[PDB]
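**Q** Structure: coords_12.pdb, PDB, N, CA and C atoms.
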ATOM      1  N   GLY O   1       5.213  12.790  -7.749
ATOM      2  CA  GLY O   1       5.970  11.681  -8.304
ATOM      3  C   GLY O   1       5.526  11.405  -9.733
ATOM      4  N   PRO O   2       6.335  10.718 -10.504
ATOM      5  CA  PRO O   2       5.993  10.416 -11.929
ATOM      6  C   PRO O   2       4.690   9.622 -12.027
ATOM      7  N   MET O   3       3.927   9.877 -13.081
ATOM      8  CA  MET O   3       2.608   9.269 -13.255
ATOM      9  C   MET O   3       2.604   7.796 -12.820
ATOM     10  N   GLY O   4       1.975   7.528 -11.687
ATOM     11  CA  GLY O   4       1.803   6.166 -11.197
ATOM     12  C   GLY O   4       3.099   5.571 -10.671
ATOM     13  N   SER O   5       4.049   6.420 -10.320
ATOM     14  CA  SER O   5       5.328   5.954  -9.791
ATOM     15  C   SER O   5       5.167   5.447  -8.362
ATOM     16  N   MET O   6       6.271   5.066  -7.749
ATOM     17  CA  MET O   6       6.247   4.573  -6.377
ATOM     18  C   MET O   6       5.757   5.665  -5.431
ATOM     19  N   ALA O   7       6.181   6.898  -5.686
ATOM     20  CA  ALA O   7       5.786   8.033  -4.854
ATOM     21  C   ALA O   7       4.967   9.053  -5.644
ATOM     22  N   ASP O   8       4.022   8.573  -6.444
ATOM     23  CA  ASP O   8       3.159   9.459  -7.233
ATOM     24  C   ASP O   8       2.007   9.971  -6.394
ATOM     25  N   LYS O   9       1.974   9.527  -5.158
ATOM     26  CA  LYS O   9       0.866   9.791  -4.263
ATOM     27  C   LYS O   9       1.265  10.790  -3.196
ATOM     28  N   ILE O  10       0.269  11.352  -2.532
ATOM     29  CA  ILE O  10       0.503  12.265  -1.429
ATOM     30  C   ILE O  10       0.143  11.557  -0.145
ATOM     31  N   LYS O  11       1.025  11.622   0.840
ATOM     32  CA  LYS O  11       0.759  11.038   2.144
ATOM     33  C   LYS O  11       0.132  12.099   3.032
ATOM     34  N   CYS O  12      -1.158  12.004   3.290
ATOM     35  CA  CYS O  12      -1.806  13.044   4.076
ATOM     36  C   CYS O  12      -2.921  12.529   4.970
ATOM     37  N   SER O  13      -3.356  13.395   5.859
ATOM     38  CA  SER O  13      -4.474  13.142   6.730
ATOM     39  C   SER O  13      -5.431  14.315   6.634
ATOM     40  N   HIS O  14      -6.715  14.059   6.763
ATOM     41  CA  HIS O  14      -7.687  15.127   6.679
ATOM     42  C   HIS O  14      -8.888  14.883   7.569
ATOM     43  N   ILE O  15      -9.476  15.967   7.998
ATOM     44  CA  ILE O  15     -10.655  15.947   8.822
ATOM     45  C   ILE O  15     -11.741  16.727   8.098
ATOM     46  N   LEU O  16     -12.884  16.098   7.880
ATOM     47  CA  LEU O  16     -13.953  16.715   7.106
ATOM     48  C   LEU O  16     -15.085  17.113   8.029
ATOM     49  N   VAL O  17     -15.505  18.359   7.950
ATOM     50  CA  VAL O  17     -16.613  18.830   8.757
ATOM     51  C   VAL O  17     -17.555  19.702   7.942
ATOM     52  N   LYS O  18     -18.799  19.731   8.363
ATOM     53  CA  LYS O  18     -19.817  20.530   7.717
ATOM     54  C   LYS O  18     -19.575  22.034   7.883
ATOM     55  N   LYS O  19     -19.136  22.448   9.077
ATOM     56  CA  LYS O  19     -18.936  23.883   9.366
ATOM     57  C   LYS O  19     -17.463  24.289   9.341
ATOM     58  N   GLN O  20     -17.219  25.531   8.954
ATOM     59  CA  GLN O  20     -15.883  26.100   9.025
ATOM     60  C   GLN O  20     -15.436  26.128  10.474
ATOM     61  N   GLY O  21     -16.364  26.466  11.360
ATOM     62  CA  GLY O  21     -16.069  26.522  12.786
ATOM     63  C   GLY O  21     -15.587  25.178  13.275
ATOM     64  N   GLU O  22     -16.187  24.121  12.753
ATOM     65  CA  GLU O  22     -15.775  22.781  13.093
ATOM     66  C   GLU O  22     -14.362  22.548  12.576
ATOM     67  N   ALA O  23     -14.103  23.022  11.357
ATOM     68  CA  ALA O  23     -12.761  22.935  10.786
ATOM     69  C   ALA O  23     -11.782  23.730  11.641
ATOM     70  N   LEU O  24     -12.204  24.900  12.067
ATOM     71  CA  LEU O  24     -11.402  25.697  12.978
ATOM     72  C   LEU O  24     -11.214  24.949  14.287
ATOM     73  N   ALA O  25     -12.274  24.309  14.752
ATOM     74  CA  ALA O  25     -12.210  23.574  16.008
ATOM     75  C   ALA O  25     -11.082  22.561  15.981
ATOM     76  N   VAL O  26     -11.013  21.761  14.927
ATOM     77  CA  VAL O  26      -9.931  20.790  14.818
ATOM     78  C   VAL O  26      -8.575  21.487  14.656
ATOM     79  N   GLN O  27      -8.542  22.526  13.828
ATOM     80  CA  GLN O  27      -7.307  23.266  13.591
ATOM     81  C   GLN O  27      -6.818  23.886  14.884
ATOM     82  N   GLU O  28      -7.734  24.469  15.627
ATOM     83  CA  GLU O  28      -7.416  25.075  16.900
ATOM     84  C   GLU O  28      -7.038  24.001  17.910
ATOM     85  N   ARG O  29      -7.820  22.929  17.942
ATOM     86  CA  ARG O  29      -7.601  21.872  18.915
ATOM     87  C   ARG O  29      -6.280  21.142  18.664
ATOM     88  N   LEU O  30      -5.963  20.900  17.396
ATOM     89  CA  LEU O  30      -4.739  20.172  17.046
ATOM     90  C   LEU O  30      -3.542  20.856  17.671
ATOM     91  N   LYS O  31      -3.692  22.132  17.932
ATOM     92  CA  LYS O  31      -2.630  22.911  18.527
ATOM     93  C   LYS O  31      -2.299  22.362  19.909
ATOM     94  N   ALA O  32      -3.321  21.837  20.592
ATOM     95  CA  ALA O  32      -3.148  21.287  21.929
ATOM     96  C   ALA O  32      -2.265  20.052  21.892
ATOM     97  N   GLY O  33      -1.949  19.595  20.690
ATOM     98  CA  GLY O  33      -1.066  18.453  20.521
ATOM     99  C   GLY O  33      -1.820  17.133  20.618
ATOM    100  N   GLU O  34      -3.118  17.152  20.307
ATOM    101  CA  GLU O  34      -3.893  15.920  20.295
ATOM    102  C   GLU O  34      -3.682  15.172  18.987
ATOM    103  N   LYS O  35      -3.925  13.875  19.018
ATOM    104  CA  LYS O  35      -3.730  13.032  17.854
ATOM    105  C   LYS O  35      -4.663  13.489  16.728
ATOM    106  N   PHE O  36      -4.113  13.647  15.539
ATOM    107  CA  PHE O  36      -4.901  14.077  14.395
ATOM    108  C   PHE O  36      -6.035  13.082  14.227
ATOM    109  N   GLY O  37      -5.685  11.816  14.359
ATOM    110  CA  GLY O  37      -6.648  10.739  14.306
ATOM    111  C   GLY O  37      -7.702  10.881  15.375
ATOM    112  N   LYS O  38      -7.312  11.350  16.546
ATOM    113  CA  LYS O  38      -8.293  11.587  17.589
ATOM    114  C   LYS O  38      -9.324  12.565  17.080
ATOM    115  N   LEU O  39      -8.850  13.641  16.499
ATOM    116  CA  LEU O  39      -9.732  14.612  15.895
ATOM    117  C   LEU O  39     -10.504  14.008  14.731
ATOM    118  N   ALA O  40      -9.845  13.181  13.923
ATOM    119  CA  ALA O  40     -10.521  12.563  12.785
ATOM    120  C   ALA O  40     -11.635  11.632  13.258
ATOM    121  N   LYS O  41     -11.337  10.854  14.282
ATOM    122  CA  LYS O  41     -12.300   9.955  14.903
ATOM    123  C   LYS O  41     -13.424  10.761  15.529
ATOM    124  N   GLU O  42     -13.043  11.853  16.162
ATOM    125  CA  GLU O  42     -13.967  12.693  16.894
ATOM    126  C   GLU O  42     -14.806  13.600  15.995
ATOM    127  N   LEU O  43     -14.138  14.451  15.239
ATOM    128  CA  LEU O  43     -14.794  15.489  14.453
ATOM    129  C   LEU O  43     -15.159  15.095  13.025
ATOM    130  N   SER O  44     -14.212  14.537  12.308
ATOM    131  CA  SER O  44     -14.393  14.341  10.871
ATOM    132  C   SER O  44     -15.650  13.521  10.559
ATOM    133  N   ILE O  45     -16.386  13.930   9.537
ATOM    134  CA  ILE O  45     -17.566  13.194   9.113
ATOM    135  C   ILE O  45     -17.202  12.202   8.023
ATOM    136  N   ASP O  46     -15.930  12.207   7.638
ATOM    137  CA  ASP O  46     -15.413  11.234   6.687
ATOM    138  C   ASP O  46     -15.142   9.950   7.431
ATOM    139  N   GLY O  47     -16.094   9.036   7.376
ATOM    140  CA  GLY O  47     -16.016   7.812   8.155
ATOM    141  C   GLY O  47     -14.803   6.983   7.781
ATOM    142  N   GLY O  48     -14.652   6.690   6.502
ATOM    143  CA  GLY O  48     -13.527   5.885   6.057
ATOM    144  C   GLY O  48     -12.229   6.499   6.504
ATOM    145  N   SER O  49     -12.111   7.788   6.337
ATOM    146  CA  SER O  49     -10.955   8.483   6.834
ATOM    147  C   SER O  49     -10.956   8.550   8.355
ATOM    148  N   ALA O  50     -12.133   8.627   8.960
ATOM    149  CA  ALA O  50     -12.222   8.583  10.417
ATOM    150  C   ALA O  50     -11.707   7.241  10.918
ATOM    151  N   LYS O  51     -12.021   6.189  10.177
ATOM    152  CA  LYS O  51     -11.493   4.865  10.470
ATOM    153  C   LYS O  51      -9.982   4.920  10.371
ATOM    154  N   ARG O  52      -9.508   5.738   9.452
ATOM    155  CA  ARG O  52      -8.086   5.871   9.187
ATOM    156  C   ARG O  52      -7.496   7.050   9.958
ATOM    157  N   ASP O  53      -8.193   7.496  11.000
ATOM    158  CA  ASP O  53      -7.729   8.632  11.814
ATOM    159  C   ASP O  53      -7.596   9.859  10.949
ATOM    160  N   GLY O  54      -8.410   9.941   9.932
ATOM    161  CA  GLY O  54      -8.287  11.006   8.963
ATOM    162  C   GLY O  54      -7.042  10.792   8.127
ATOM    163  N   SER O  55      -6.231   9.810   8.515
ATOM    164  CA  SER O  55      -5.019   9.501   7.792
ATOM    165  C   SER O  55      -5.350   8.867   6.456
ATOM    166  N   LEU O  56      -5.477   9.704   5.449
ATOM    167  CA  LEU O  56      -5.738   9.254   4.113
ATOM    168  C   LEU O  56      -4.571   8.408   3.685
ATOM    169  N   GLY O  57      -3.388   8.840   4.093
ATOM    170  CA  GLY O  57      -2.163   8.203   3.688
ATOM    171  C   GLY O  57      -1.848   8.616   2.281
ATOM    172  N   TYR O  58      -1.502   7.661   1.436
ATOM    173  CA  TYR O  58      -1.148   7.970   0.061
ATOM    174  C   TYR O  58      -2.395   8.072  -0.779
ATOM    175  N   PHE O  59      -2.443   9.086  -1.605
ATOM    176  CA  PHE O  59      -3.462   9.175  -2.633
ATOM    177  C   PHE O  59      -2.881   9.802  -3.875
ATOM    178  N   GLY O  60      -3.401   9.411  -5.025
ATOM    179  CA  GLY O  60      -2.848   9.857  -6.296
ATOM    180  C   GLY O  60      -3.314  11.258  -6.654
ATOM    181  N   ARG O  61      -2.774  11.771  -7.738
ATOM    182  CA  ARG O  61      -3.084  13.099  -8.220
ATOM    183  C   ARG O  61      -4.462  13.098  -8.854
ATOM    184  N   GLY O  62      -5.169  14.195  -8.710
ATOM    185  CA  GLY O  62      -6.459  14.343  -9.340
ATOM    186  C   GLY O  62      -7.443  13.317  -8.816
ATOM    187  N   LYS O  63      -7.685  13.364  -7.519
ATOM    188  CA  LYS O  63      -8.583  12.420  -6.860
ATOM    189  C   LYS O  63      -9.546  13.158  -5.932
ATOM    190  N   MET O  64      -9.056  14.209  -5.308
ATOM    191  CA  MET O  64      -9.835  14.994  -4.366
ATOM    192  C   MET O  64      -9.947  16.425  -4.854
ATOM    193  N   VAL O  65     -10.931  17.147  -4.355
ATOM    194  CA  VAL O  65     -11.188  18.481  -4.854
ATOM    195  C   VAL O  65      -9.884  19.295  -4.898
ATOM    196  N   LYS O  66      -9.664  19.972  -6.012
ATOM    197  CA  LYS O  66      -8.416  20.683  -6.243
ATOM    198  C   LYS O  66      -7.970  21.461  -5.014
ATOM    199  N   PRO O  67      -8.848  22.208  -4.385
ATOM    200  CA  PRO O  67      -8.440  22.978  -3.162
ATOM    201  C   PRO O  67      -7.888  22.062  -2.073
ATOM    202  N   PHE O  68      -8.500  20.895  -1.940
ATOM    203  CA  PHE O  68      -8.053  19.890  -0.982
ATOM    204  C   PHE O  68      -6.656  19.435  -1.335
ATOM    205  N   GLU O  69      -6.475  19.085  -2.594
ATOM    206  CA  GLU O  69      -5.189  18.627  -3.060
ATOM    207  C   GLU O  69      -4.168  19.737  -2.959
ATOM    208  N   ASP O  70      -4.595  20.944  -3.278
ATOM    209  CA  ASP O  70      -3.711  22.095  -3.220
ATOM    210  C   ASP O  70      -3.145  22.244  -1.836
ATOM    211  N   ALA O  71      -4.016  22.185  -0.847
ATOM    212  CA  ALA O  71      -3.587  22.288   0.533
ATOM    213  C   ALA O  71      -2.683  21.120   0.878
ATOM    214  N   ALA O  72      -3.033  19.934   0.372
ATOM    215  CA  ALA O  72      -2.219  18.748   0.603
ATOM    216  C   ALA O  72      -0.833  18.941   0.022
ATOM    217  N   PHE O  73      -0.782  19.402  -1.212
ATOM    218  CA  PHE O  73       0.490  19.676  -1.852
ATOM    219  C   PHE O  73       1.209  20.781  -1.113
ATOM    220  N   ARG O  74       0.466  21.815  -0.738
ATOM    221  CA  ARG O  74       1.077  22.992  -0.155
ATOM    222  C   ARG O  74       1.749  22.636   1.167
ATOM    223  N   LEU O  75       1.021  21.912   2.006
ATOM    224  CA  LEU O  75       1.480  21.624   3.359
ATOM    225  C   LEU O  75       2.121  20.266   3.500
ATOM    226  N   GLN O  76       2.794  19.820   2.459
ATOM    227  CA  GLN O  76       3.549  18.578   2.542
ATOM    228  C   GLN O  76       4.505  18.666   3.730
ATOM    229  N   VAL O  77       4.751  19.894   4.158
ATOM    230  CA  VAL O  77       5.584  20.172   5.310
ATOM    231  C   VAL O  77       5.002  19.523   6.549
ATOM    232  N   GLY O  78       3.681  19.588   6.677
ATOM    233  CA  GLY O  78       2.995  18.936   7.775
ATOM    234  C   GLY O  78       2.188  19.897   8.618
ATOM    235  N   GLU O  79       2.097  21.123   8.168
ATOM    236  CA  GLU O  79       1.340  22.133   8.864
ATOM    237  C   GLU O  79      -0.139  21.873   8.668
ATOM    238  N   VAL O  80      -0.948  22.241   9.649
ATOM    239  CA  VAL O  80      -2.381  22.079   9.516
ATOM    240  C   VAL O  80      -2.883  23.094   8.509
ATOM    241  N   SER O  81      -3.635  22.631   7.537
ATOM    242  CA  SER O  81      -4.164  23.501   6.507
ATOM    243  C   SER O  81      -5.378  24.261   6.996
ATOM    244  N   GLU O  82      -5.632  25.402   6.367
ATOM    245  CA  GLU O  82      -6.824  26.182   6.619
ATOM    246  C   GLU O  82      -8.015  25.378   6.137
ATOM    247  N   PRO O  83      -9.195  25.696   6.564
ATOM    248  CA  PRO O  83     -10.380  24.916   6.109
ATOM    249  C   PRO O  83     -10.446  24.902   4.587
ATOM    250  N   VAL O  84     -10.596  23.724   4.026
ATOM    251  CA  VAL O  84     -10.700  23.561   2.592
ATOM    252  C   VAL O  84     -12.134  23.247   2.243
ATOM    253  N   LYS O  85     -12.786  24.139   1.523
ATOM    254  CA  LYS O  85     -14.154  23.886   1.144
ATOM    255  C   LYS O  85     -14.216  23.064  -0.119
ATOM    256  N   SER O  86     -15.120  22.123  -0.125
ATOM    257  CA  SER O  86     -15.367  21.287  -1.265
ATOM    258  C   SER O  86     -16.866  21.165  -1.447
ATOM    259  N   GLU O  87     -17.275  20.490  -2.495
ATOM    260  CA  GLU O  87     -18.687  20.210  -2.693
ATOM    261  C   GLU O  87     -19.166  19.361  -1.522
ATOM    262  N   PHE O  88     -18.253  18.531  -1.026
ATOM    263  CA  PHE O  88     -18.502  17.631   0.086
ATOM    264  C   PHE O  88     -18.691  18.382   1.396
ATOM    265  N   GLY O  89     -17.912  19.434   1.596
ATOM    266  CA  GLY O  89     -17.951  20.181   2.852
ATOM    267  C   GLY O  89     -16.615  20.843   3.119
ATOM    268  N   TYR O  90     -16.245  20.959   4.386
ATOM    269  CA  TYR O  90     -14.971  21.566   4.750
ATOM    270  C   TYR O  90     -13.987  20.510   5.207
ATOM    271  N   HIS O  91     -12.771  20.588   4.709
ATOM    272  CA  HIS O  91     -11.715  19.675   5.118
ATOM    273  C   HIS O  91     -10.611  20.430   5.837
ATOM    274  N   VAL O  92      -9.985  19.774   6.793
ATOM    275  CA  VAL O  92      -8.744  20.263   7.378
ATOM    276  C   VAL O  92      -7.675  19.217   7.081
ATOM    277  N   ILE O  93      -6.557  19.633   6.507
ATOM    278  CA  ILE O  93      -5.565  18.681   6.026
ATOM    279  C   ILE O  93      -4.249  18.798   6.777
ATOM    280  N   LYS O  94      -3.760  17.657   7.223
ATOM    281  CA  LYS O  94      -2.438  17.518   7.812
ATOM    282  C   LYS O  94      -1.617  16.512   6.991
ATOM    283  N   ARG O  95      -0.294  16.683   6.951
ATOM    284  CA  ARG O  95       0.569  15.757   6.190
ATOM    285  C   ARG O  95       0.795  14.483   6.981
ATOM    286  N   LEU O  96       0.862  13.356   6.293
ATOM    287  CA  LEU O  96       1.123  12.079   6.939
ATOM    288  C   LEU O  96       2.436  11.499   6.427
ATOM    289  N   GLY O  97       3.256  10.994   7.329
ATOM    290  CA  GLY O  97       4.555  10.453   6.957
ATOM    291  C   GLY O  97       4.643   8.976   7.303
TER     292      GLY O  97
END
Kindly present the structure from the file in structure tokens form.

**A**
Amino acid sequence: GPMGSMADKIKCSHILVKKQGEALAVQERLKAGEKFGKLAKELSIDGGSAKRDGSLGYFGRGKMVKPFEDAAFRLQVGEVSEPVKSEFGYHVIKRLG
């Protein structure tokens, strides 16, 4: 969306884990049709986001590690993203509507 516009943000959810396997665990588990938030509450080490069911919701451009944002932008469709490594750790990203 236009710089600071009404929809300048990305609506997404993410699960942050220390291990890729953990990221795979959520990615694999989400397949079972469990609540992303359940996984966020359960797996994600991102507490604030865990509070938010990993549901980041809207966030602006240039806020999270480029790979994270890339996956967020890429999967606006709503597909579970591959593990996204950051300085913080590994993220798994789902789109939020």

**Q** When you look at residue 79 in chain O with a cut-off of 7 Å (counting only N, CA and C atoms), what residues show up, excluding the ones that are within fewer than 3 positions of it in the same chain? I need them as a list in words.

**A**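 Skipping anything fewer than 3 positions along the chain leaves residues 75, 76, 82, 93, 94 and 95 of chain O.
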
**Q** The PyMOL selection byres (((chain O and resi 92 and name CA) around 6) and name CA) on the file shown: which residues, as a list in words?

**A** residues 14, 15, 23, 81, 83, 91 and 93 of chain O

**Q** Using CA of residue 86 in chain O and CA of residue 65 in chain O as the two end points, give the distance in Å to one decimal.

**A** 6.2 Å

**Q** Run DSSP on the backbone and give me the residues of chain O it puts in strand (DSSP E or B), as a list in words.

**A**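 These are the residues in question: residues 10, 11, 12, 13, 14, 15, 16, 17, 55, 56, 57, 58, 59, 84, 85, 90, 91, 92, 93, 94 and 95 of chain O.
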
**Q** Take the residues from that selection and write them out as a short mmCIF file (atom, residue, chain, number, x, y, z; two decimals), keeping the file's coordinate frame, keeping N, CA and C atoms.

**A**
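Just written: again-v9.cif:
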data_model
loop_
_atom_site.label_atom_id
_atom_site.label_comp_id
_atom_site.auth_asym_id
_atom_site.auth_seq_id
_atom_site.Cartn_x
_atom_site.Cartn_y
_atom_site.Cartn_z
N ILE O 10 0.27 11.35 -2.53
CA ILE O 10 0.50 12.26 -1.43
C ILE O 10 0.14 11.56 -0.14
N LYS O 11 1.02 11.62 0.84
CA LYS O 11 0.76 11.04 2.14
C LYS O 11 0.13 12.10 3.03
N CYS O 12 -1.16 12.00 3.29
CA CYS O 12 -1.81 13.04 4.08
C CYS O 12 -2.92 12.53 4.97
N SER O 13 -3.36 13.40 5.86
CA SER O 13 -4.47 13.14 6.73
C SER O 13 -5.43 14.32 6.63
N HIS O 14 -6.72 14.06 6.76
CA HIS O 14 -7.69 15.13 6.68
C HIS O 14 -8.89 14.88 7.57
N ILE O 15 -9.48 15.97 8.00
CA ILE O 15 -10.66 15.95 8.82
C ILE O 15 -11.74 16.73 8.10
N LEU O 16 -12.88 16.10 7.88
CA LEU O 16 -13.95 16.72 7.11
C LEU O 16 -15.08 17.11 8.03
N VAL O 17 -15.50 18.36 7.95
CA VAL O 17 -16.61 18.83 8.76
C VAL O 17 -17.56 19.70 7.94
N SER O 55 -6.23 9.81 8.52
CA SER O 55 -5.02 9.50 7.79
C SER O 55 -5.35 8.87 6.46
N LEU O 56 -5.48 9.70 5.45
CA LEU O 56 -5.74 9.25 4.11
C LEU O 56 -4.57 8.41 3.68
N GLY O 57 -3.39 8.84 4.09
CA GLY O 57 -2.16 8.20 3.69
C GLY O 57 -1.85 8.62 2.28
N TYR O 58 -1.50 7.66 1.44
CA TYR O 58 -1.15 7.97 0.06
C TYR O 58 -2.40 8.07 -0.78
N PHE O 59 -2.44 9.09 -1.60
CA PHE O 59 -3.46 9.18 -2.63
C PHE O 59 -2.88 9.80 -3.88
N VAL O 84 -10.60 23.72 4.03
CA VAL O 84 -10.70 23.56 2.59
C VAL O 84 -12.13 23.25 2.24
N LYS O 85 -12.79 24.14 1.52
CA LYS O 85 -14.15 23.89 1.14
C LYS O 85 -14.22 23.06 -0.12
N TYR O 90 -16.24 20.96 4.39
CA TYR O 90 -14.97 21.57 4.75
C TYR O 90 -13.99 20.51 5.21
N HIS O 91 -12.77 20.59 4.71
CA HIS O 91 -11.72 19.68 5.12
C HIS O 91 -10.61 20.43 5.84
N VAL O 92 -9.98 19.77 6.79
CA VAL O 92 -8.74 20.26 7.38
C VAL O 92 -7.68 19.22 7.08
N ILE O 93 -6.56 19.63 6.51
CA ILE O 93 -5.56 18.68 6.03
C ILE O 93 -4.25 18.80 6.78
N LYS O 94 -3.76 17.66 7.22
CA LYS O 94 -2.44 17.52 7.81
C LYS O 94 -1.62 16.51 6.99
N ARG O 95 -0.29 16.68 6.95
CA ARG O 95 0.57 15.76 6.19
C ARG O 95 0.80 14.48 6.98
#

**Q** Determine the residue membership of the PyMOL selection byres (((chain O and resi 46 and name CA) around 12) and name CA) for the file above and supply it as a ChimeraX atom specification.

**A** /O:13-18,37,39-45,47-56,88-92

**Q** Just how far from CA of residue 32 in chain O is CA of residue 72 in chain O, in Å to one decimal?

**A**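 Value for the CA of residue 72 in chain O-CA of residue 32 in chain O distance: 21.5 Å.
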
**Q** Using all atoms of range 68-82 of chain O that appear in the file, construct an axis-aligned enclosing box with 6 Å of padding on every side and provide its centre coordinates and edge lengths in Å, rounded to one decimal, as lines of an AutoDock Vina configuration file.

**A**
center_x = -1.5
center_y = 22.4
center_z = 3.2
size_x = 26.1
size_y = 19.6
size_z = 24.9

**Q** Could you tell me which residues the PyMOL selection byres ((chain O and resi 58) around 7) grabs in this file, written as JSON, numbers by chain?

**A** {"O": [9, 10, 11, 12, 55, 56, 57, 59, 60]}

**Q** Let's have the selection written as a compact mmCIF listing (two decimals), in the frame of the given file, with N, CA and C atoms.

**A**
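selection_12.txt written:
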# COMPACT_ATOMS: atom_id res chain seq x y z
N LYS O 9 1.97 9.53 -5.16
CA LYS O 9 0.87 9.79 -4.26
C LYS O 9 1.26 10.79 -3.20
N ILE O 10 0.27 11.35 -2.53
CA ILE O 10 0.50 12.26 -1.43
C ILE O 10 0.14 11.56 -0.14
N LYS O 11 1.02 11.62 0.84
CA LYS O 11 0.76 11.04 2.14
C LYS O 11 0.13 12.10 3.03
N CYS O 12 -1.16 12.00 3.29
CA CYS O 12 -1.81 13.04 4.08
C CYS O 12 -2.92 12.53 4.97
N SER O 55 -6.23 9.81 8.52
CA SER O 55 -5.02 9.50 7.79
C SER O 55 -5.35 8.87 6.46
N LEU O 56 -5.48 9.70 5.45
CA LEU O 56 -5.74 9.25 4.11
C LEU O 56 -4.57 8.41 3.68
N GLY O 57 -3.39 8.84 4.09
CA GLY O 57 -2.16 8.20 3.69
C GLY O 57 -1.85 8.62 2.28
N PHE O 59 -2.44 9.09 -1.60
CA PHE O 59 -3.46 9.18 -2.63
C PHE O 59 -2.88 9.80 -3.88
N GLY O 60 -3.40 9.41 -5.03
CA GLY O 60 -2.85 9.86 -6.30
C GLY O 60 -3.31 11.26 -6.65

**Q** For residue 8 in chain O, which residue among O:62, O:22, O:80, O:35 is the nearest when counting only C-alpha atoms?

**A**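 Smallest distance to residue 8 in chain O is found for O:62.
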
**Q** My list of candidates is O:3, O:33, O:85, O:78. Which is closest to residue 97 in chain O when distances are computed with all atoms listed in the file?

**A**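 Of the candidates, the smallest distance to residue 97 in chain O is held by O:78.
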